[PDB]
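Tertiary structure, described
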Amino acid sequence: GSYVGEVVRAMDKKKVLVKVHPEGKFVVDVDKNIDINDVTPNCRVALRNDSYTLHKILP
Amino acid sequence: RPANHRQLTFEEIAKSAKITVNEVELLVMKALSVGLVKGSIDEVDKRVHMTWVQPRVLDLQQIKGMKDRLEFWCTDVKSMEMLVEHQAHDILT
Amino acid sequence: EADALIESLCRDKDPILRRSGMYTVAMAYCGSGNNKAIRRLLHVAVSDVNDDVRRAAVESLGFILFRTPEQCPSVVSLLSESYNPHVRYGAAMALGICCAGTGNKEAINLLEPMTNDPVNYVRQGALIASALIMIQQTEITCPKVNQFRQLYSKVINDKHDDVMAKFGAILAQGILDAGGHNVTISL
Amino acid sequence: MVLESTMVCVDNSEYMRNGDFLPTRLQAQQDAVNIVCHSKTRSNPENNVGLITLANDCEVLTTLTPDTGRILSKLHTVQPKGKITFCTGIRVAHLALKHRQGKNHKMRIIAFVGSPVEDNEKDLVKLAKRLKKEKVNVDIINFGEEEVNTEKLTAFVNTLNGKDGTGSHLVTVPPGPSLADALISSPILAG
Amino acid sequence: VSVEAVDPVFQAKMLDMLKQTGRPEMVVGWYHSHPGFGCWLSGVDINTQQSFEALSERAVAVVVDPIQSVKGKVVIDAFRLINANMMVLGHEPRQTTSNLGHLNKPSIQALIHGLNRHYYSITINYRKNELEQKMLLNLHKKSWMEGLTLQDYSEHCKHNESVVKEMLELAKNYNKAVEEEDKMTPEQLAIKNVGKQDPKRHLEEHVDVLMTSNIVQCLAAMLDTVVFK
Amino acid sequence: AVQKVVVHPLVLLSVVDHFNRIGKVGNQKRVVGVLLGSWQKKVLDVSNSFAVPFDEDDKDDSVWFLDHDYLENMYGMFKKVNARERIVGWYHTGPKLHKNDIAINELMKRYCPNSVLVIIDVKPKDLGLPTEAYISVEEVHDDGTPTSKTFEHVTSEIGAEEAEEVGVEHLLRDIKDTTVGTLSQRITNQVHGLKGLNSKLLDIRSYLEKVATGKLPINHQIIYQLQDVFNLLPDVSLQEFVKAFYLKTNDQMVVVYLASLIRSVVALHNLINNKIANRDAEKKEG
């Protein structure tokens, strides 16, 4: 499977800090087919568990 | 008799044994008491139906009849296998 | 002559030589003189488990059926999107060879599903098959701008596409450029 | 040095404990095995020695190996049964030479014969022709007698022996309270 | 796994015992298992690889890992070491780039390209001759067939009379238990007819129920053959 | 004592290796491999094996060549890597049981325990099962003939543990699985009479040859139980079994009503959609 990312803050260097499940907080560039600015902070997203690329915004 | 009315009667037994019909129930009870035969006869009117016994000695007529019914069974199973299989392989494969 | 030879070598245990019966049985049978070999070419195309004879299959079918441009892509139409990628790719070879030198749009209208797939094989031979038809063709006769621009978008899309896909892309782009439009091919 | 394989065929009949000759000369020829295997070890330590009897059911007691240390152990538990078997005693070694590791190791087979031979001259010439065919150095060592030692065994050797220059040697031991050891050390086969 | 784990006199001892048998082959590589943490190769692995590639220039390294590999696929890969002085030039000057479309099957998004620098791989194909093919084939068909093969036939022909009748009644219970659902369906089809909302199909299951029900028909003729001769 | 054995296909694939590592000499004898397995449970379970250089003579059967040191070294290193399996028995790949095989067997009856023998085939053209487990036991005979080592067949099954299934199934891609329904049932129902046909025809013809042209105790006694059990089916009169055919025929009638009714239910979506899709796409086409 894949994990559940939650961005709390977007970083301007296109390397988004994302709050992860404990021992997480993995700052990463998400996948190239998805822009960074669409990913709004303080919202939950869909993240792969190793490659740390975002799939979609979640409610 | 291998087939064709395997069922028999007490008259050939008592004629073989020069014994009365009062004693043939004792005779078949003894024959079942040895245990070489398992045959149990469901008759009301007196009959002798049989099952398994062991040949144990030799019979050349049952060697030849063995080859006869054996070969017959072989060509019947071959005949049905070719018979089903000819149209069967062509429609199913 | 070689009918017992190739039918004898078609029951080979060797998959390479099983392909070679088909590659061989092309040039004996070219000109669509045989409605026989199409049976076992397609039968080894669907039946066999190894995809070497299956992508190796339908090129001999184009090599016999090069006489009619019309009758080919209707019967490679299911093979355009096949089960495996390899019959897709060999189908791209078949539409490549049967429609080469022609103007038949019945291979051309099938390229728009061929140009977009997760497999780089069908993306590559989609451009190879696309390269073999558009040669010696004017736009005012036939609407080719779509395959022009998708043929052009790969050498800028070479950053995000596969390394073997771009090889057949620009290699396919030399085919229109061949001889400065002056020379062509004919079957 | 000398690159060759050594095969010994040993008597296990009850004819080897007879109170005329040496006190269980089975032990004496066992020590002859010890001095020839240690002498071959001193000449070329890589020579491999296999061990088998002349019984009805012959058994490879030790596969051919230069390690004779456990061959010393396998020379015991001799199982003194049976009388003799000549033909498959030959065939059980001469064709078993082809399993050897070092293929440059030449072919040498001896045999310790403590019983009269049960095979006729017709089998003696088939086997002597058989071994002269495949060209194996064969040294025949014959312990004890009831009849004369070599009457047909002589022509069995001469028809067995080809290659008159430095070929095989025959060992015929007389009666004597002297050992078998130095007496079979008298030819060049020990050396 | 270590270069110290390789006992060279035990290695060459077993090798020479293979040489006195019918095996005059040199080593072509060394393999191991990497369970759990993925098929890639540690520093110990790459260093004893670095030592064991001095003799053989090819020096194949293979990792079997059935622990997280499912029983559906037996995906195994043979791995390679690049030379460190080839970093200035292009990485792998391998011709004939057809099979690399098959070599992008190892596409896990951490290990292969997460660790692919200094560390590449090689394609795997097989070989099967006709003795392996028919020996293994009839071996496996026989592994799914019986001894005299007529043995378990009449067993299920007569379990059609003893056991499968219960499965036939239960089969009719799932059938009728869907028929109470399809009782309600022609009202829905008598109202909307636009779009489909149910992922349940009600058809192909019952086709399968008929296919299992036709075992009675197929084995009735089998009973006819046994009753015949 | 032991009812059945389990032989994994790995060792028979090593018999494919027996026919690989020959090197083309012209010998191709019954090359013996040292069978390994688990005698531990009452069932015998073969895991793996190896082979040993074995030579006989052309003329003499009773000359035979094995090795104890190779057995103890290969078995020693194998027990060093895996001590969960021990020596059990052996096998020759020849089709024929030689006279020598009691003596060749006797070496592994001594040093190993009661060893099992397996006859397999050099060419797998036999439709039957290639592997036959022959227990090496001495049995007392009713005729008074002296007791000898007798090879009674122990029934066998060929099974694979876990990964051998996966690797074999990946190597084939040709075999199909269980797949109940029409095909895998009906193919057994195609060739099945041929499978008892070639068995019986393969047996009774040369058996009938050994009837007239045979002597030397062919187990003449088991012919009496043989023909006896063969005459335990004296072409049944079916009179009681008539109602059994009413029973299977009435179950057949149940399959009739299920097939007719359920297929007729499948006709529904067909004979609705055939009209309502075509005429509406037609009437909104123009």
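Residues numbered from 1 in each chain as written, not as in the entry; some residues may be left out. Chains lettered and ligands numbered in written order. Part of a larger assembly, values for the part shown. Heavy atoms only, no water.

1. Structural notes on the nonpolar core
Selection rule: Joining through side-chain atoms within 4.5 Å is the link that ties buried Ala, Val, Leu, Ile, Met, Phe, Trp, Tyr and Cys residues into a set, and such a set is a nonpolar core. Think of it in three bands: residues with accessible area under 20% of the maximum for their type are buried, residues over 50% are exposed, and the middle band is partly exposed, with areas taken using a 1.4 Å probe on protein chains only. Elements are defined by DSSP. Helices are runs of H or I of four residues or more, strands are runs of E of two residues or more, and each kind is numbered from the N terminus. Contacts are assigned to residue pairs with any non-hydrogen atoms lying within 4.5 Å of each other.
Counting 28 residues, the largest nonpolar core has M22, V58, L61, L65, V76 and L79 of chain C as the members making the most contacts within it. Of all the secondary structure elements, the ones that give two or more residues to this core are α1 (3-10), α2 (15-29), α3 (37-47), α5 (59-64), α8 (85-98) and α9 (105-108) of chain C. Other than its neighbours up to four places away in sequence, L65 of chain C contacts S32, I38 and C72 of chain C. Among the nonpolar cores identified, the runner-up in size contains 26 residues, and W64, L66, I119 and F151 of chain F belong to it.

2. Some words on the arrangement of the chains
Across the nine pairs of chains in contact, the largest number of contacts is found between chains E and F. One finds no contact linking chain B with chain D; the least C-alpha distance across the pair is 38 Å. Considering only C-alpha positions, the minimal separation of the non-contacting chain A and chain F is 24 Å.

3. Points about the interface of chain F and chain E
Operational definition: Throughout, buried area stands for the accessible area (probe radius 1.4 Å) lost by two parts on being put together, summed over both. Counted as salt bridges are all cases of a side-chain nitrogen of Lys or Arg within 4 Å of a carboxyl oxygen of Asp or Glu. Side-chain atoms alone can form a polar contact between residues adjacent in sequence; in general such a contact is a pair of N or O atoms within 3.5 Å, and within protein one must be able to donate a hydrogen while the other accepts it. When residues are sorted by character, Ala, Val, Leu, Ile, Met, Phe, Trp, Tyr, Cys and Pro go into the nonpolar class, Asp, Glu, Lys and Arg into the charged class, and all the rest, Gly among them, into the polar class.
If you look at the interface, chain F gives 55 residues, while chain E gives 57 residues. Roughly 5400 Å² of surface becomes buried between chain F and chain E when both sides are summed, with 73% attributable to carbon and sulfur atoms. There are three salt bridges connecting chain F and chain E. Where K165 of chain E meets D251 of chain F, a salt bridge forms, and the shortest distance between an N and an O atom there is 3.8 Å. Remark: the boundary between chain F and chain E carries eight residue pairs in polar contact. Counting residues per element, the ones that place at least two in the side of chain F that touches chain E are α1 (9-18), α2 (69-81), α4 (163-172), α5 (183-212) and α7 (242-276) of chain F. Counting residues per element, the side of chain F that touches chain E draws most heavily on α7 of chain F, at twelve residues. When grouped by side-chain class, the residues that make up the side of chain F that touches chain E number 29 nonpolar, 14 polar and twelve charged.

4. Observations concerning the sheet that holds strand β1 (residues 4-10) of chain D
All names here are of chain D. Here is the rule: By definition, two strands form a pair when at least two bridges between them are found by DSSP. Every axis corresponds to a line fitted to the C-alpha atoms, with the helix fit spanning only the stretch in contact, and the corresponding angles, defined between N-to-C directions, vary from 0 to 180 degrees.
Taken together, the six strands give an open sheet; going across it, the order is β3-β2-β1-β4-β5-β6, and neighbouring strands pair in mixed fashion. Edge strands, defined here as strands with exactly one partner in the open sheet, are β3 (62-65) and β6 (170-172). Pairs of neighbouring strands in the sheet enclose a mean axial angle of 15 degrees, with direction left out of account. Bridging between strand β2 (residues 49-53) and β3 involves two bridges; their strand directions are antiparallel. Each residue of the ladder has a partner; that of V49, found in β3, is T65.

5. Quick look at the packing of α2 of chain C against α3 of chain C
For any two helices packed against each other, one specifies the crossing angle of their axes together with the interaxial distance. All names here are of chain C. This is how the line gets drawn: By the definition adopted for this analysis, an angle is roughly parallel if under 35 degrees, roughly antiparallel if over 145, roughly perpendicular if from 65 to 115, and oblique otherwise. Each crossing gets its hand from how the near helix is turned against the far one by less than a right angle, where anticlockwise is left-handed and clockwise is right-handed.
Orientation of α2 relative to α3, taken along the N-to-C sense of each, is 155 degrees, at an axis distance of 11 Å. Classed by the angle they form, the pair α2 and α3 counts as roughly antiparallel. In this structure, the crossing between α2 and α3 has a hand that is left-handed. Contact with α2, carried on its side by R18, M22, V25 and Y29, involves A37, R40, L41 and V44 of α3 and no other residues of that element. Partitioned by chemical class, the residues of the contact of α2 with α3 number six nonpolar, no polar and two charged.

6. Here we look at empty space enclosed by the protein
Where empty space is left in the structure can be found by rolling a water-sized probe over the atoms. All names here are of chain D. Note the following rule: Any residue with an atom within 4 Å of a point lines the site, the site being either a cavity, points on a 1 Å grid over the protein atoms alone where a 1.4 Å probe fits but cannot get out, or a pocket, an open set with protein on both sides within 12 Å along at least 5 of 7 lines. Grid points are joined across faces, edges and corners, and a volume is the space filled by probe spheres set on the points.
Within the structure shown, the criterion is met by nine cavities of 30 Å³ or more. Empty space within the largest cavity amounts to approximately 200 Å³. Lining the largest cavity are 15 residues; nearest its centre among them are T6, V36, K40, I110 and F112. Only β1, α1 (25-43), β4 (106-113) and β5 (137-142) provide two or more residues apiece to the lining of the largest cavity.

7. Some thoughts on the side chain of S115 of chain F
All names here are of chain F. Looking at the element boundaries, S115 is found in the loop between α3 (101-110) and β6 (117-119). Overall, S115 belongs to the buried group, its relative accessible area being 1%. In this structure, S115 is in contact with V88, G89, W90, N105, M108, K109 and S136, ignoring residues within four places of it in sequence.

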